[PDB]
Structures are given as structure tokens and as C-alpha cells.
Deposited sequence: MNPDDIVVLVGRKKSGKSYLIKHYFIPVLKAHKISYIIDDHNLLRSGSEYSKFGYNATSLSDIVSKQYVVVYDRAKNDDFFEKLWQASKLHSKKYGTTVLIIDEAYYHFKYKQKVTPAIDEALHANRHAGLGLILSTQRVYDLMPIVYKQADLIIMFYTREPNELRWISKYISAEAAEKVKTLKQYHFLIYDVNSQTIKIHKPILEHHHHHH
């Protein structure tokens, strides 16, 4: 794998999306001593509170190695977060920014600020990987899928979703996602146009 990859996770509630982040991605990052920042929008105790230092200021995001951000509010937040995260990776080296409700920052039809643009196109220069998760394929700007290194998808047969997957990801991906069993997930490697059907994690 690669710490500075953009990984997009797509699946409904209880599909196994969060489980994959909590019991695969997070433990493997830790084990390899890859630092991470969790931009957490779910609530006392954030969904990801157990997995890092619960930051209460921008300075905490820069200075703590494993950090959880409670994102429950100004509209320039991502720009602030992004700035803080860049300073974080200068200190800790390559860092994964984990965003569990990615449609907050990368929603379909939203304007693209320079920060969002850097996040999608220059993330390796910035020393920052991304793990973005969303409920439906069509929640995010199509551009996110074009810029992804890896796209992970759980079962769906929703026709709008299949059309988006064919159009912006892979028509072959759109074929295989229809037959995924519970907790199984398709991995599409954007760079090698490779598909792998992965079994449920242990």
C-alpha cells in the first residue's frame, strides 16, 4: 500500500465501511507507525474518540501524533484543517487524513476551493494521504473518483449508483459490485485499472 494514497470508501450504513476503517486501516497505520488525523463528524464521545487524542484546538492537530478532530461547526473549516494537517505532516512525516462524512467537504456540485483542489491533486506533495468515506457514490464530486488511487465499494444495485460507477470509475466495477455478499467489498485500483473482490475482514 501507500500512505499518501487517496482511498475512497463507498457503502451504506452497516455495510461494513466504518468497520473496515476501525479494524483494518487504523490498526495497519498504527502498526507501521503512520500518523493519522481523523476528521470526525459523528457523536458524549466522537465515533472515533478511542483511536487518538481528542484535539480541542488547531495546535493539537499539529502537535499530537494520532489525533481526532470533532468537526461540529465557520465555513472555512476545511481550509483551516488542511493548513493544520500540512503542518502536522511536516512534523510527523506522511500522515493519513481520515474523513468519515466526506460529502461535508467534497459534495457533488460544490465549488472547488484551492484547499480542496490541493487535497485531491497535490496530496503527495503535501505529505497527506486521504481516506474518504460516503454512503452513496453520487454524494461526492465525480472528480474525487477520478483522482482516487483506490476505490472501495460495498454491495449496491441502485441504478443511479451503477451509472455513476460505470461513468466515473469502471463499467466492469459496476458489474461486480452488484453481486457482493455481506461485508464483501470490491477494490478498484484506479492507476492499474485493476479489480479485486475482497472477503470480509477478520
Mind pulling out the bits of the deposited sequence that never got modelled, as residue ranges from 1? 44 to 45, 76, 206 to 212
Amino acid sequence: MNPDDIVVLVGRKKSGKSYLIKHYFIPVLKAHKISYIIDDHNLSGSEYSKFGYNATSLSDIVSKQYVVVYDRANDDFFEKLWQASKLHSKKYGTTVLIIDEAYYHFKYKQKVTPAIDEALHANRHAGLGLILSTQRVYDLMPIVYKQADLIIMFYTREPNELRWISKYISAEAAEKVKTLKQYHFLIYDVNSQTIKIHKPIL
From here on, numbers count along this sequence of modelled residues.
Do at least a third of the other compared PDB entries leave residue 43 without coordinates? yes
Thinking of the other compared PDB entries, is residue 113 one of those residues unmodelled in at least a third of them? no
As the entry reports it, the stretch among 167 to 175 and 150 to 158 with higher mean C-alpha B factor is 167 to 175
May I ask you to compare 106 to 114 and 74 to 82 by their mean CA B factor in the entry and name the higher one? 74 to 82
Relative to the other modelled residues of the same chain, rank the CA B-factor of residue 27 and answer lowest, middle or highest third. highest
In terms of the CA temperature factor given in the entry, to which third of its chain does residue 51 belong: lowest, middle or highest? highest
Sort the modelled residues of this chain by their C-alpha B factor and say whether residue 7 lands in the lowest, middle or highest third. lowest
Where does residue 182 sit by CA temperature factor within its chain: lowest, middle or highest third? lowest
Rank-wise, by C-alpha B-factor, drop residue 34 into the lowest, middle or highest third of its chain. highest
